[PDB]
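What follows is one structure encoded as structure tokens, with my remarks underneath.
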Amino acid sequence: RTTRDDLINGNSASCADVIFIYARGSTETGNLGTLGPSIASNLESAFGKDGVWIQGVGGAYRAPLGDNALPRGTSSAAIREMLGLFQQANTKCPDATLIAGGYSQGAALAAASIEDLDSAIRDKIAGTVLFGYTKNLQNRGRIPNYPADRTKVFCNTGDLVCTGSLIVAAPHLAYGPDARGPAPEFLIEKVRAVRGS
């Protein structure tokens with residue numbers, strides 16, 4: 001449901017083939033918030049429960065609304081937390097394919113993290129989905145240092161954070177259908193593109 005720590009809890013001797021690391025939006029609960037669980041269930045349907053590990057960014061990432069105003073759109077402590085989880089995945093399960101996602105502040109966090117990541121680990125993230133991407137305009141719809149073909153941004157018309165503002169309007173809260181269909185669809189496709197099946 002809203003907390004999944006499959007990577008932290010996972011046995012190194014029986015690594016999943018796919019590891020998904022997801023950062024929730026501001027003020028959301030657990031470490032998956034409102035959108036994460038929907039994505040998780042569909043990935044589990046595609047890869048099987050033992051086939052994918054779902055890991056939300058918890059720990060120091062408290063997702064405070066105020067941190068949207070910081071330079072990178074989230075705090076340094078939150079970035080360190082997510083970097084730490086990619087590095088844990090890379091160490092625990094060197095052969096797993098990674099996928100990532102974030103909503104709102106979590107999308108800025110995912111983008112900042114991936115930008116700072118060691119390239120060898122960044123290169124293992126086969127696809128990333130961003131919903132209500134707060135740095136969409138500033139970054140021109142891209143994640144720095146990460147390929148456009150592995151990136152999918154869901155930015156609703158009228159969601160002001162996609163257009164350089166930090167105002168929360170009703171479209172910002174309307175990503176439910178995307179998390180249920182096109183976002184897991186994209187992620188599954190990108191994993192299969194490199195792993196076959």
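The chains in the structure tokens are called A, B, ... from first to last as shown; in each chain the residues are counted from 1, and the ligands are counted from 1 in the order shown.
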Fill in: Polymer residues at most 12 Å from residue 140 of chain A, only C-alpha atoms, same-chain spacing of 5 or more positions, as a count of residues only
8
Practice prompt. Would you please give, as a ChimeraX atom specification, all residues of segment 65-175 of chain A that DSSP assigns to strand (DSSP E) based on the backbone?
Written response: /A:97-103,125-131,151-154
Discussion item. With only C-alpha atoms as the counted atoms, please give the residues lying no more than 7 Å from segment 101-107 of chain A, apart from itself and same-chain residues fewer than 5 positions off, as an MDAnalysis selection string.
Written reply: chainID A and resid 21:26 68 73:74 128:134
Residue subset to file, keeping C-alpha atoms, as a PDB file, in the first residue's frame:
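Output below, filename part-v4.pdb:
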```pdb
ATOM      1  CA  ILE A  21      12.657   3.605  -7.005  1.00  0.00           C
ATOM      2  CA  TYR A  22       9.905   6.187  -6.627  1.00  0.00           C
ATOM      3  CA  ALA A  23       9.634   9.578  -4.846  1.00  0.00           C
ATOM      4  CA  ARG A  24       6.230  10.858  -3.681  1.00  0.00           C
ATOM      5  CA  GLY A  25       4.820  14.410  -3.819  1.00  0.00           C
ATOM      6  CA  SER A  26       4.652  17.006  -1.059  1.00  0.00           C
ATOM      7  CA  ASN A  68       9.770  23.163  -3.596  1.00  0.00           C
ATOM      8  CA  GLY A  73      13.182  22.056  -6.046  1.00  0.00           C
ATOM      9  CA  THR A  74      13.889  19.785  -3.056  1.00  0.00           C
ATOM     10  CA  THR A 128      11.941   7.282 -15.746  1.00  0.00           C
ATOM     11  CA  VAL A 129       8.418   8.752 -15.404  1.00  0.00           C
ATOM     12  CA  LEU A 130       7.784  12.207 -14.000  1.00  0.00           C
ATOM     13  CA  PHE A 131       4.257  13.480 -13.082  1.00  0.00           C
ATOM     14  CA  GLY A 132       3.601  17.219 -12.445  1.00  0.00           C
ATOM     15  CA  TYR A 133       7.299  17.915 -13.073  1.00  0.00           C
ATOM     16  CA  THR A 134       8.061  21.156 -11.142  1.00  0.00           C
TER      17      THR A 134
END
```
Discussion item. So that I can check the surroundings of residue 90 of chain A, please list as a ChimeraX atom specification every protein, DNA and RNA residue that reaches within 12 Å of it, counting only C-alpha atoms and ignoring chain neighbours fewer than 3 positions away.
Written reply: /A:7,12,15,18-19,21,83-87,93-98,117-125
Item to complete: Determine the nearest neighbour of residue 54 of chain A from the options A:160, A:79, A:70, A:89, counting only C-alpha atoms.
Response: A:89
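Here atom CA of residue 63 of chain A stands at a distance of 19.4 Å from atom CA of residue 179 of chain A.
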Discussion item. If you run DSSP on the backbone here, which positions in chain A get helix (DSSP H, G or I)? Please write them as number ranges by chain.
Written reply: A: 6-9, 12-14, 36-47, 65-69, 76-92, 105-116, 119-122, 148-150, 160-163, 170-173, 176-180, 182-195
Fill in: Test item: residues at most 12 Å from residue 183 of chain A, only C-alpha atoms, excluding those fewer than 2 positions along its chain, as a PyMOL selection string
chain A and resi 35-36+38-40+42-43+99-103+127-131+151-154+175-181+185-190
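Counting from atom CA of residue 157 of chain A, the distance to atom CA of residue 172 of chain A is 9.2 Å.
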Worksheet entry | Computed interatomic separation between atom CA of residue 72 of chain A and atom CA of residue 109 of chain A (Å) | 7.8 Å
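Of the listed residues (A:112, A:16, A:52, A:32), A:112 comes nearest to residue 75 of chain A; the distances count only C-alpha atoms.
With distances restricted to only C-alpha atoms, A:197 is the closest residue to residue 46 of chain A from A:2, A:145, A:197, A:165.
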With only C-alpha atoms as the counted atoms, please give the residues lying no more than 10 Å from residue 77 of chain A, apart from itself and same-chain residues fewer than 5 positions off, as a tab-separated table (two decimals) with N, CA and C atoms, in the first residue's frame.
```tsv
chain	number	residue	atom	x	y	z
A	59	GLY	N	13.10	7.76	4.65
A	59	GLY	CA	14.26	8.24	5.40
A	59	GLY	C	14.20	9.76	5.55
A	60	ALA	N	15.22	10.46	5.05
A	60	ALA	CA	15.31	11.91	5.21
A	60	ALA	C	14.33	12.63	4.29
A	61	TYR	N	13.73	11.96	3.29
A	61	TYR	CA	12.79	12.67	2.42
A	61	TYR	C	11.43	12.69	3.12
A	62	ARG	N	11.18	13.87	3.70
A	62	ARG	CA	9.95	14.16	4.42
A	62	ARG	C	8.92	14.84	3.55
A	82	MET	N	17.96	9.72	-1.95
A	82	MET	CA	17.61	8.97	-3.14
A	82	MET	C	18.88	8.43	-3.82
A	83	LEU	N	19.96	9.23	-3.83
A	83	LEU	CA	21.24	8.77	-4.36
A	83	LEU	C	21.66	7.50	-3.64
```
